[PDB]
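Engineer: Mind looking over this structure? Questions follow.
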Number of protein chains: 4
Amino acid sequence: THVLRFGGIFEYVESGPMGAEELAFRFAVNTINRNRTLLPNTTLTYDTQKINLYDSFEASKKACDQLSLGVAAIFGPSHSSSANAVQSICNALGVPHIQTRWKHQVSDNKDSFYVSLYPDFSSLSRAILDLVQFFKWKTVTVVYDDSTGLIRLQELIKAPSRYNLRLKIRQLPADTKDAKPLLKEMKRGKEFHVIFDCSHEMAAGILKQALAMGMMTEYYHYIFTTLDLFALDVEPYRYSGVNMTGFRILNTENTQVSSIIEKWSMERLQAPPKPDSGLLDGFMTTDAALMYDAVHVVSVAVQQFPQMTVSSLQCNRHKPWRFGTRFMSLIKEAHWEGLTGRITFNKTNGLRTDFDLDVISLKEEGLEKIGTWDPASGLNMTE
Amino acid sequence: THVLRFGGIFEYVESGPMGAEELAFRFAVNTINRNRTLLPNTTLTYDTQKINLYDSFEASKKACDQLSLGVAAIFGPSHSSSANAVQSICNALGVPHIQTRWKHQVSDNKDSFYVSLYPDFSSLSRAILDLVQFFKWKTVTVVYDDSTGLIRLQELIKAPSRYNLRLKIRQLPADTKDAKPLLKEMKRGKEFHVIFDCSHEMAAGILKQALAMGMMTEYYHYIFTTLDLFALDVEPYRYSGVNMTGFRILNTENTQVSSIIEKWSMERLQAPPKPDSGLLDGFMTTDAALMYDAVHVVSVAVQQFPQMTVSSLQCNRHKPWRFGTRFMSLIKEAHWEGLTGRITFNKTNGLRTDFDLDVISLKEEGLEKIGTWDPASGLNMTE
Amino acid sequence: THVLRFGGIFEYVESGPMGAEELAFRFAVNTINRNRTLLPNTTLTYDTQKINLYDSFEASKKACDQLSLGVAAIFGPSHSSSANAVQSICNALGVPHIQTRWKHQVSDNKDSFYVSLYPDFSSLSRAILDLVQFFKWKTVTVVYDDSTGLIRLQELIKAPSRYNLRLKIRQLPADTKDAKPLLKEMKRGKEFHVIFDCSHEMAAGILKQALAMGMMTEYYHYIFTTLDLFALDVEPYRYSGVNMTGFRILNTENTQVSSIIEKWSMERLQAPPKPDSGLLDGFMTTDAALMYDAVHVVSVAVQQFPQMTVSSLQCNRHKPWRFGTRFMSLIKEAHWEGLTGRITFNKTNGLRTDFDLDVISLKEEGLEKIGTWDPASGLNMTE
Amino acid sequence: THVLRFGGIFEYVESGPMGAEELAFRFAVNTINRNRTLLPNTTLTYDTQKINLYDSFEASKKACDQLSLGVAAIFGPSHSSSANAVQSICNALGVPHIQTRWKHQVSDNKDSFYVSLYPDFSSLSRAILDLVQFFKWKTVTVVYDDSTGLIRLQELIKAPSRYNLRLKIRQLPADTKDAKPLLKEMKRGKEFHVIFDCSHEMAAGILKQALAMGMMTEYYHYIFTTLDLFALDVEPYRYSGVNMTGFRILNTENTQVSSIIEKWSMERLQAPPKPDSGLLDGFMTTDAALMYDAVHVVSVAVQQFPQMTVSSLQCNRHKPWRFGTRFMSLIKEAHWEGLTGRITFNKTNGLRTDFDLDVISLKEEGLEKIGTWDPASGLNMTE
Ligand SMILES: *[C@@H]1O[C@H](CO)[C@@H](O)[C@H](O)[C@H]1NC(C)=O
Ligand SMILES: *[C@@H]1O[C@H](CO)[C@@H](O)[C@H](O)[C@H]1NC(C)=O
Ligand SMILES: *[C@@H]1O[C@H](CO)[C@@H](O)[C@H](O)[C@H]1NC(C)=O
Ligand SMILES: *[C@@H]1O[C@H](CO)[C@@H](O)[C@H](O)[C@H]1NC(C)=O
Ligand SMILES: *[C@@H]1O[C@H](CO)[C@@H](O)[C@H](O)[C@H]1NC(C)=O
Ligand SMILES: *[C@@H]1O[C@H](CO)[C@@H](O)[C@H](O)[C@H]1NC(C)=O
Ligand SMILES: *[C@@H]1O[C@H](CO)[C@@H](O)[C@H](O)[C@H]1NC(C)=O
């Protein structure tokens with residue numbers, strides 16, 4: 001057999017229940033080592049470690065401790081500041097780094113030992129621009145959460161340079177969950193079409209706030225850049241007539257993915273979120289799905305090269321892994337059809353710039369897919 | 001008494017001369033320890049270390065090595081990826097981290113042991129917006145270089161939501177400094193009023209291709225976010241009739257600052273003499289000036305804290321510096337009349353938001369000051 | 001094999017290489033000597049002399065010294081006063097005088113033993129007038145350098161009487177090359193269509209001054225009366241948008257002429273262009289081309305007239321040359337397809353009023369022929 | 001005693017005895033010697049040679065023959081082509097040259113042994129411009145015969161660049177006195193104000209065709225740049241009501257000048273002017289006056305240089321004249337006052353630029369003096 005171990009750095013929430021990404025990582029390794037189809041002899045081992053996600057030194061220490069122990073891959077923390085340091089450590093010591101969240105990559109950063117399964121926001125911004133094109137929008141407003149959102153929507157912000165759009169870029173107030181003043185100053189300008197660049201939780205929050213204000217009508221259209229739009233309590237919004245739209249990468253249409261999501265929902269019920277939050281119950285966040293997909297993709301990559309040996313690399317001396325370049329290359333060339341559709345990393349840099357999105361809009365019966373999106377092909381509306 | 005040591009994580013050069021920031025750090029250390037008035041019974045010693053600035057692991061190792069011996073304050077690197085890791089290390093070990101270049105601040109980063117002397121772009125973008133309001137501009141063409149530039153100037157991009165401006169965001173090519181297609185696109189669109197978010201090295205090149213494209217005429221107006229506009233060889237452009245507004249925080253109008261600049265030029269024994277870069281020769285860059293001011297500000301803060309003994313801190317066992325809190329508080333509330341002017345740091349965060357800018361513009365006799373921008377009083381552009 | 005001597009007077013260069021005209025004369029003599037098709041049973045030798053080009057006494061003394069030896073034709077100086085003196089001497093002694101530069105001949109002069117190869121500025125100025133008609137110009141500013149430029153383009157100056165133009169004649173500042181005040185006056189007068197009458201060196205200087213003055217835009221159109229427009233380094237102006245226009249008599253399009261130009265450039269190896277001069281390196285000026293063509297035309301003329309034993313001509317005795325009349329008639333009626341196209345001398349006067357010009361213009365890909373001009377056919381502007 | 005003789009080169013004529021220039025030269029030579037006040041012990045002797053004025057070889061040979069004999073100074077030919085050769089010979093041999101007619105000056109010709117008594121056509125053109133500004137002209141038609149007229153009236157032609165004058169440059173037909181087509185073109189062009197740069201005989205002819213065309217009305221103003229306008233037969237136009245205007249340097253309004261002119265007219269009894277020519281009778285043209293004044297200027301210069309024993313310079317080998325430099329300085333520093341008013345030579349040029357004109361216009365009588373022009377003050381229009 002094998003004692004292959006994957007390193008995982010996740011958020012530390014002592015007061016609350018276990019995190020979604022870490023629980024999905026455990027679920028994925030359990031599925032991999034239980035299903036007698038992938039990695040028959042190899043059995044995955046847990047090396048979960050918890051950090052605060054906002055202290056790069058703690059994450060660096062945890063990653064160095066993991067690499068000192070037997071670890072074949074690092075599943076990076078979902079924060080830019082921590083993940084940058086973690087991938088720098090991994091690149092220096094040659095261990096592959098896997099990221100399941102978007103991190104702003106510096107153009108001059110010469111790091112090669114990292115692959116991110118979150119869809120690249122260049123392609124996602126192109127998809128949002130294609131949505132804006134399809135609706136014949138002229139004057140639009142963008143409402144982002146963090147300054148990095150401007151980076152996440154640069155291919156859409158740059159559109160008026162070449163297009164005839166009219167961006168009215170706004171931002172939700174920081175350190176405050178109240179989006180009421182922004183909506184108040186937004187209604188005065190008659191902003192019919194709005195693009196929201198916030199997380200699904202705060203997207204639901206601002207939707208509830210707008211409904212309390214009576215903002216949305218039959219004449220208001222919303223596009224959400226979050227991929228967790230399907231996991232929203234849209235029942236208060238069924239017949240309101242709002243033209244809500246968004247993207248979704250979790251391939252819930254496939255029966256296998258649906259069964260996996262249902263098993264996730266029934267297994268993850270120790271401490272569900274509060275019902276008065278605006279999110280459903282039988283749902284899987286796209287970050288958990290991407291963690292599952294990442295574990296499976298790394299399992300596929302290691303399957304083709306079974307002669308690996310797990311080392312005890314130390315951070316004190318830069319010792320590249322004996323098999324770190326080959327494993328990294330196979331991970332970058334690994335293809336797998338999983339929860340978030342087809343996974344294919346770009347060869348130039350390790351990112352998912354080729355993915356299959358589904359455009360889900362608010363019909364009269366919940367949120368239903370109205371087409372697909374493929375970077376090679378473009379918008380594929382069928383209805 | 002005893003000697004006092006400072007951190008010196010700087011750029012690494014293969015075979016060329018030391019960088020401007022490193023030389024400014026050394027020059028400042030020499031200035032304080034050669035001056036009787038500043039720290040009479042105290043000697044300043046430098047511990048400069050060279051890194052790639054794009055290897056967060058290398059920066060972390062250098063910071064840990066410096067803190068393993070006596071270092072009282074780390075003047076961290078000049079890149080976001082490395083500066084974040086060094087800042088996290090300094091916060092964990094309770095040593096002040098003084099940074100002289102801009103870096104995106106995460107909204108949920110709980111870091112208290114860091115001071116930035118770069119004029120906060122939250123205020124400098126407001127200054128650019130005040131200029132474009134002064135010139136009665138109804139359409140601008142904000143042009144940036146790196147995606148982080150969007151994070152830099154966000155208070156200027158959110159202007160159409162409150163003003164009647166028309167922004168056309170554009171990005172310079174990343175493959176090479178060949179902006180001729182971009183300048184041709186700007187010329188075709190009759191976009192005369194342009195804002196450049198670049199560096200002086202890149203701004204000089206962009207001006208060169210703008211002259212090559214005939215874009216420097218009596219109709220075009222360029223506003224530069226660079227604070228090194230005075231360091232541009234504007235002889236070919238001064239007679240073109242084009243007015244190129246900008247800013248300058250380096251208080252070159254003062255006589256002590258001018259003398260220090262002259263000494264800097266005299267001691268600069270290795271400068272690029274190539275007559276094709278578009279930059280002048282006898283001028284101190286704003287980054288070197290900010291590093292000089294950083295050393296001086298930390299010197300002033302040290303003078304207010306006698307009996308401060310520097311200990312040896314190990315990254316393996318997280319043990320905060322005993323004198324870190326008092327020294328950090330003294331650095332935060334430190335006022336100094338340095339080369340960049342008044343140096344007062346904000347109290348809530350560590351950023352420098354209150355600074356005295358000097359708006360400059362290009363006339364037939366060169367680049368000359370045409371006013372002064374102050375956050376408290378706005379633009380005092382009355383000549 | 002009858003021997004033959006060709007007299008020539010050229011500029012005296014105190015140091016370095018000799019003038020381009022003397023090099024062209026020597027190269028043409030060598031080419032005729034090595035070619036057996038031209039002048040088969042004969043030979044050509046040269047008797048080059050050097051003068052200041054401004055001392056008519058020196059030119060007269062050199063011409064008399066050459067006439068003391070047996071010379072068949074004198075290739076006189078390229079300056080008005082010295083050329084006039086040598087032409088009078090040759091007309092008195094009966095030997096032909098071959099001149100390749102424009103020189104004002106007074107109306108009542110009766111000299112017959114002289115022929116000119118420079119395109120007469122009564123047909124060429126008519127070509128600039130035809131270009132002005134084609135461009136539909138209504139306001140034109142003619143800018144010349146020397147006082148003899150008005151007498152040169154007199155047919156262009158006398159245009160408003162017979163057409164509808166707004167000539168605004170201006171003169172380049174004498175004793176200096178800095179035309180910044182003149183260009184500022186032209187810009188203040190909104191004079192966008194300018195016809196420059198200056199040498200290619202001064203043309204390049206004025207182009208540099210206008211680029212520094214912001215006059216290199218799509219608004220400004222410059223017509224150059226110089227025939228060496230191909231020798232200007234238009235790298236900084238091709239992308240500006242100026243539609244620079246001019247002529248080129250040098251038949252560079254031909255393969256034989258291109259081969260001869262390449263041979264001349266390879267043989268030159270002398271007088272490298274100044275880095276900031278603004279001219280090109282491997283291009284031959286039209287003056288050297290006309291000297292080469294003059295030697296070839298006189299070789300053709302003497303080919304048709306064998307047994308011409310050149311005798312000694314005494315200036316003091318003043319005995320006309322025995323073969324002078326018929327040899328000069330043959331030169332005047334000679335025909336030759338040389339470097340500067342077809343070389344046909346007028347019958348009434350010896351000037352060259354019949355020539356083919358290649359109207360070239362500046363595009364984004366450099367200068368390239370855009371039409372053809374012929375005194376009989378007129379403009380044939382077809383790109 | 002100390003005998004000094006002057007050499008002169010004039011026109012060769014066969015019908016008339018000798019030209020007016022030589023008449024004035026002989027009159028001056030045999031007047032100064034008789035007047036014992038000027039040159040008490042130095043008899044002036046004329047050495048007259050006659051040339052074709054269009055053969056630079058003949059003029060050069062005659063000048064060399066004269067310089068072989070003892071000659072203090074050469075009174076060069078009244079042409080513009082042989083005068084250049086003679087002045088070059090004089091400069092090379094270091095002998096003063098005196099020119100009484102205007103010839104085109106090469107910009108870079110380094111000659112310092114010539115003085116031109118003809119009022120230079122750079123102050124005369126400014127006088128014409130001041131005269132047309134005084135009359136408040138807007139449409140001006142410049143007419144000339146010799147192309148060199150463009151070089152002469154270049155300051156007048158360069159007027160539209162500064163002011164609003166609309167110059168319409170025209171040229172009289174060459175080799176033909178039937179100027180009717182030009183006058184018809186004027187009639188069809190409705191050109192009312194004309195500036196004639198033609199000789200007095202040609203001016204009278206042009207006035208004759210104008211009267212034949214009925215163009216001597218009250219709406220037609222004629223400015224004549226010629227200084228011999230007072231010599232015209234204006235009786236047939238005296239009551240025509242025209243506004244004919246010109247200039248007059250020949251100070252006829254002086255007792256001594258009037259007596260000298262009367263004596264010259266009395267001596268001129270060999271060839272009366274043609275009765276049917278439009279010219280007066282018994283008058284002295286400005287060229288003869290300039291020659292007479294030139295001889296007196298040289299006499300004043302030699303007054304202070306009484307030791308200049310003439311030499312026997314040969315043209316075969318150039319030998320500078322020992323007395324040439326100081327005699328030339330005295331020539332250029334002689335403020336003699338004669339028929340053409342105050343005679344002062346420009347130190348940096350040698351030409352006469354500071355002269356005193358007297359504006360004359362047609363009235364009920366013949367050409368009364370209506371003003372005075374000086375280069376320093378300006379147009380002193382008193383009338
Ligand atoms: C909103 O607009 C979309 C765009 O076609 C449409 O499919 C949807 O039915 C609309 N919803 C309404 C009108 O409630
Ligand atoms: C959409 O996708 C299908 C298959 O996924 C493909 O055959 C088709 O060409 C695409 N485009 C359109 C417009 O249907
Ligand atoms: C001069 O600067 C002003 C800014 O007040 C600008 O509006 C104008 O276009 C400039 N003039 C030029 C570029 O000729
Ligand atoms: C602007 O500056 C001038 C000169 O420094 C000063 O007199 C004036 O009071 C200032 N105005 C302000 C600060 O509002
Ligand atoms: C050619 O010149 C005209 C001006 O007559 C100008 O309008 C046009 O743009 C020019 N063509 C170019 C620059 O390609
Ligand atoms: C212009 O030149 C072309 C040759 O390219 C010729 O065919 C055409 O006839 C010419 N047009 C004239 C002479 O009008
Ligand atoms: C002009 O002529 C008058 C004639 O009386 C004279 O008094 C005056 O001094 C002259 N000059 C000026 C500048 O008026």
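Just so we're on the same page: first chain in the structure tokens is A, next is B, and so on; residues restart at 1 for each chain, and ligands are numbered from 1 in the order they show up.
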Residues within 7 Å of ligand 1, counting only C-alpha atoms and all ligand atoms: report them as a PyMOL selection string.
Structural biologist: chain A and resi 135+218+221+240-244+362-363
Engineer: Could you name the residues that touch residue 227 in chain B at 12 Å or less, counting only C-alpha atoms, but leaving out those on the same chain fewer than 2 positions away, as a ChimeraX atom specification?
Structural biologist: /B:101,118-119,121,124,128,196-201,203,223-225,229-232,245-251,284-290,340,357-360
Engineer: Residues of chain B within 7 Å of chain C, using only C-alpha atoms, as number ranges by chain?
Structural biologist: B: 212-214, 216-217, 236-237, 239-241
Engineer: Deliver the residues from the most recent selection as a file, using N, CA, C and O atoms, as a JSON list (two decimals), in the first residue's frame.
Structural biologist:
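The file below, out.json, is the result:
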```
[["chain", "number", "residue", "atom", "x", "y", "z"],
["B", 212, "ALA", "N", 5.85, 60.11, -30.36],
["B", 212, "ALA", "CA", 6.00, 59.42, -31.64],
["B", 212, "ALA", "C", 4.67, 59.29, -32.37],
["B", 212, "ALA", "O", 4.65, 59.24, -33.60],
["B", 213, "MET", "N", 3.56, 59.24, -31.64],
["B", 213, "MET", "CA", 2.23, 59.18, -32.23],
["B", 213, "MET", "C", 1.61, 60.55, -32.43],
["B", 213, "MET", "O", 0.44, 60.64, -32.82],
["B", 214, "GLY", "N", 2.35, 61.62, -32.18],
["B", 214, "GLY", "CA", 1.77, 62.95, -32.28],
["B", 214, "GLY", "C", 0.72, 63.24, -31.24],
["B", 214, "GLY", "O", -0.17, 64.05, -31.49],
["B", 216, "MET", "N", 1.25, 64.46, -28.23],
["B", 216, "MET", "CA", 1.59, 65.63, -27.44],
["B", 216, "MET", "C", 1.35, 66.90, -28.24],
["B", 216, "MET", "O", 2.23, 67.34, -29.00],
["B", 217, "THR", "N", 0.17, 67.48, -28.09],
["B", 217, "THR", "CA", -0.25, 68.64, -28.87],
["B", 217, "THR", "C", -0.87, 69.64, -27.91],
["B", 217, "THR", "O", -0.76, 69.52, -26.69],
["B", 236, "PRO", "N", 12.09, 67.58, -24.57],
["B", 236, "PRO", "CA", 11.41, 67.42, -25.86],
["B", 236, "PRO", "C", 9.93, 67.77, -25.82],
["B", 236, "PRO", "O", 9.35, 68.02, -26.88],
["B", 237, "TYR", "N", 9.30, 67.78, -24.64],
["B", 237, "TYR", "CA", 7.86, 67.95, -24.54],
["B", 237, "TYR", "C", 7.42, 69.33, -24.08],
["B", 237, "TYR", "O", 6.24, 69.66, -24.23],
["B", 239, "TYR", "N", 8.04, 72.35, -25.21],
["B", 239, "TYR", "CA", 7.68, 73.26, -26.29],
["B", 239, "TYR", "C", 6.48, 72.78, -27.10],
["B", 239, "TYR", "O", 5.98, 73.53, -27.94],
["B", 240, "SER", "N", 6.00, 71.56, -26.86],
["B", 240, "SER", "CA", 4.89, 71.01, -27.63],
["B", 240, "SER", "C", 3.57, 71.71, -27.35],
["B", 240, "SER", "O", 2.61, 71.49, -28.08],
["B", 241, "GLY", "N", 3.50, 72.53, -26.30],
["B", 241, "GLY", "CA", 2.26, 73.17, -25.92],
["B", 241, "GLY", "C", 1.38, 72.33, -25.03],
["B", 241, "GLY", "O", 0.36, 72.83, -24.54]]
```
Engineer: If the limit is 8 Å from any atom of ligand 2, counting only C-alpha atoms and all ligand atoms, which residues qualify? Return them as an MDAnalysis selection string.
Structural biologist: chainID A and resid 372 377:382
Engineer: Let me make sure I understand: among B:304, B:312, B:133, B:30, which one has the smallest atom-to-atom distance to ligand 3 if we use only C-alpha atoms and all ligand atoms?
Structural biologist: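 With only C-alpha atoms and all ligand atoms as the atom set, the closest residue is B:133.
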Engineer: When DSSP is applied to the backbone of this structure, which of range 82-166 of chain A are assigned alpha helix (DSSP H)? Write them out as a PyMOL selection string.
Structural biologist: chain A and resi 82-93+121-134+148-152+154-157+159-162
Engineer: Take the residues that were just selected and, keeping N, CA, C and O atoms, output them as a compact mmCIF listing (two decimals), in the first residue's frame.
Structural biologist:
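Saved the output as selection.txt:
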```txt
# COMPACT_ATOMS: atom_id res chain seq x y z
N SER A 82 -2.42 34.89 2.97
CA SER A 82 -1.85 33.63 3.45
C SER A 82 -1.45 32.72 2.29
O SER A 82 -0.37 32.10 2.33
N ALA A 83 -2.29 32.63 1.26
CA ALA A 83 -2.01 31.71 0.16
C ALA A 83 -0.78 32.13 -0.63
O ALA A 83 -0.08 31.27 -1.17
N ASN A 84 -0.51 33.43 -0.73
CA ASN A 84 0.70 33.87 -1.41
C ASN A 84 1.95 33.33 -0.72
O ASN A 84 2.84 32.77 -1.37
N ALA A 85 2.01 33.47 0.61
CA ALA A 85 3.14 32.93 1.35
C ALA A 85 3.21 31.42 1.24
O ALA A 85 4.30 30.84 1.10
N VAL A 86 2.06 30.75 1.31
CA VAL A 86 2.05 29.29 1.25
C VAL A 86 2.57 28.81 -0.10
O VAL A 86 3.36 27.86 -0.18
N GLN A 87 2.13 29.45 -1.20
CA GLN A 87 2.61 29.00 -2.50
C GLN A 87 4.07 29.37 -2.70
O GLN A 87 4.78 28.66 -3.42
N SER A 88 4.54 30.46 -2.10
CA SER A 88 5.96 30.77 -2.16
C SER A 88 6.78 29.68 -1.47
O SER A 88 7.81 29.23 -2.00
N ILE A 89 6.32 29.23 -0.30
CA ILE A 89 7.01 28.14 0.39
C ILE A 89 6.99 26.87 -0.46
O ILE A 89 8.01 26.18 -0.60
N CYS A 90 5.83 26.56 -1.04
CA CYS A 90 5.71 25.34 -1.84
C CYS A 90 6.61 25.40 -3.07
O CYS A 90 7.26 24.41 -3.42
N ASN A 91 6.65 26.55 -3.75
CA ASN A 91 7.52 26.70 -4.91
C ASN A 91 8.98 26.59 -4.52
O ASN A 91 9.78 25.97 -5.24
N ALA A 92 9.37 27.18 -3.39
CA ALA A 92 10.75 27.09 -2.95
C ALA A 92 11.14 25.65 -2.63
O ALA A 92 12.23 25.19 -2.99
N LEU A 93 10.25 24.91 -1.96
CA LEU A 93 10.54 23.54 -1.57
C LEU A 93 10.02 22.51 -2.57
O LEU A 93 10.21 21.31 -2.36
N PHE A 121 -10.91 34.81 -12.90
CA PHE A 121 -11.82 35.94 -13.02
C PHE A 121 -11.63 36.72 -14.31
O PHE A 121 -12.47 37.57 -14.61
N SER A 122 -10.57 36.47 -15.07
CA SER A 122 -10.52 37.01 -16.42
C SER A 122 -11.59 36.37 -17.30
O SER A 122 -12.39 37.08 -17.94
N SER A 123 -11.66 35.04 -17.30
CA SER A 123 -12.70 34.36 -18.07
C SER A 123 -14.08 34.60 -17.47
O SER A 123 -15.06 34.75 -18.20
N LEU A 124 -14.18 34.65 -16.14
CA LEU A 124 -15.47 34.93 -15.51
C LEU A 124 -15.94 36.34 -15.82
O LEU A 124 -17.13 36.57 -16.03
N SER A 125 -15.02 37.31 -15.85
CA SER A 125 -15.37 38.67 -16.23
C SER A 125 -15.77 38.74 -17.70
O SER A 125 -16.68 39.50 -18.06
N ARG A 126 -15.11 37.97 -18.56
CA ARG A 126 -15.54 37.87 -19.94
C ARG A 126 -16.95 37.30 -20.04
O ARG A 126 -17.75 37.73 -20.86
N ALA A 127 -17.26 36.31 -19.19
CA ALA A 127 -18.60 35.74 -19.17
C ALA A 127 -19.64 36.76 -18.72
O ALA A 127 -20.74 36.83 -19.28
N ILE A 128 -19.31 37.56 -17.70
CA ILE A 128 -20.22 38.60 -17.24
C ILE A 128 -20.42 39.65 -18.33
O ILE A 128 -21.54 40.15 -18.53
N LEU A 129 -19.35 39.99 -19.04
CA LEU A 129 -19.47 40.93 -20.15
C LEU A 129 -20.33 40.34 -21.26
O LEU A 129 -21.09 41.07 -21.91
N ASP A 130 -20.23 39.04 -21.50
CA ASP A 130 -21.10 38.39 -22.48
C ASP A 130 -22.55 38.44 -22.05
O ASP A 130 -23.45 38.63 -22.88
N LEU A 131 -22.81 38.25 -20.75
CA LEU A 131 -24.17 38.42 -20.24
C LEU A 131 -24.68 39.84 -20.49
O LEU A 131 -25.80 40.03 -20.96
N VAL A 132 -23.85 40.84 -20.19
CA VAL A 132 -24.25 42.22 -20.41
C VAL A 132 -24.52 42.47 -21.90
O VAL A 132 -25.44 43.21 -22.27
N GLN A 133 -23.71 41.85 -22.77
CA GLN A 133 -23.94 41.95 -24.20
C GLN A 133 -25.29 41.36 -24.59
O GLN A 133 -26.03 41.94 -25.39
N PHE A 134 -25.61 40.18 -24.05
CA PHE A 134 -26.82 39.48 -24.47
C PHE A 134 -28.08 40.24 -24.08
O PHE A 134 -29.09 40.16 -24.79
N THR A 148 -10.13 44.18 -4.29
CA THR A 148 -9.75 43.14 -5.23
C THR A 148 -10.87 42.82 -6.21
O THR A 148 -10.61 42.27 -7.28
N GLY A 149 -12.12 43.15 -5.87
CA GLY A 149 -13.21 42.98 -6.81
C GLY A 149 -12.98 43.76 -8.09
O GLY A 149 -13.34 43.30 -9.18
N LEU A 150 -12.38 44.94 -7.98
CA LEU A 150 -12.01 45.70 -9.18
C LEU A 150 -11.07 44.89 -10.06
O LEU A 150 -11.18 44.92 -11.29
N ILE A 151 -10.14 44.16 -9.45
CA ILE A 151 -9.28 43.26 -10.21
C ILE A 151 -10.10 42.11 -10.78
O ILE A 151 -9.86 41.65 -11.91
N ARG A 152 -11.09 41.63 -10.03
CA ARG A 152 -11.89 40.51 -10.48
C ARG A 152 -12.81 40.88 -11.64
O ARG A 152 -13.26 39.99 -12.36
N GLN A 154 -11.98 43.49 -13.97
CA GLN A 154 -11.27 44.44 -14.81
C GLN A 154 -11.64 44.28 -16.28
O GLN A 154 -11.73 45.28 -17.00
N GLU A 155 -11.89 43.05 -16.73
CA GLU A 155 -12.30 42.85 -18.12
C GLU A 155 -13.69 43.38 -18.40
O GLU A 155 -14.05 43.53 -19.57
N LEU A 156 -14.48 43.67 -17.36
CA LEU A 156 -15.77 44.33 -17.51
C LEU A 156 -15.69 45.83 -17.28
O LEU A 156 -16.40 46.59 -17.94
N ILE A 157 -14.82 46.27 -16.36
CA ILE A 157 -14.62 47.70 -16.13
C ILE A 157 -13.98 48.35 -17.35
O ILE A 157 -14.28 49.51 -17.68
N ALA A 159 -14.55 47.71 -20.36
CA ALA A 159 -15.42 47.65 -21.53
C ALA A 159 -15.74 49.01 -22.15
O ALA A 159 -15.69 49.11 -23.39
N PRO A 160 -16.08 50.07 -21.40
CA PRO A 160 -16.41 51.35 -22.05
C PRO A 160 -15.28 51.92 -22.89
O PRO A 160 -15.55 52.76 -23.76
N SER A 161 -14.04 51.50 -22.66
CA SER A 161 -12.95 51.91 -23.54
C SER A 161 -13.19 51.43 -24.96
O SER A 161 -12.94 52.16 -25.93
N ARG A 162 -13.69 50.20 -25.11
CA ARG A 162 -13.98 49.63 -26.42
C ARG A 162 -15.46 49.53 -26.74
O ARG A 162 -15.83 49.60 -27.91
```
Engineer: Can you pull out every residue within 8 Å of residue 261 in chain A, counting only C-alpha atoms, but drop anything in the same chain fewer than 6 positions away, and send it as a ChimeraX atom specification?
Structural biologist: /A:252,282-284
Engineer: Provide the CA of residue 76 in chain A to CA of residue 7 in chain A distance in Å, to one decimal place.
Structural biologist: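 Separating CA of residue 76 in chain A from CA of residue 7 in chain A is a distance of 8.6 Å.
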Engineer: Near residue 74 in chain A, within 7 Å and counting only C-alpha atoms, which residues show up once chain neighbours fewer than 6 positions away are dropped, as a PyMOL selection string?
Structural biologist: chain A and resi 6-8+96-98
Engineer: Using only C-alpha atoms, which residues sit within 10 Å of residue 65 in chain D once same-chain residues fewer than 2 positions away are excluded, as a ChimeraX atom specification?
Structural biologist: /D:7,49,59-63,67-70,312-315
Engineer: From the options D:383, D:120, D:354, D:233, which residue's atoms come nearest to residue 273 in chain D, counting only C-alpha atoms?
Structural biologist: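 Smallest distance to residue 273 in chain D is found for D:233.
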Engineer: Identify, with DSSP run on backbone atoms, the residues in range 55-107 of chain D assigned to strand (DSSP E), and express the list as a list in words.
Structural biologist: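 Residues meeting the strand (DSSP E) criterion: residues 74, 75, 97, 98 and 99 of chain D.
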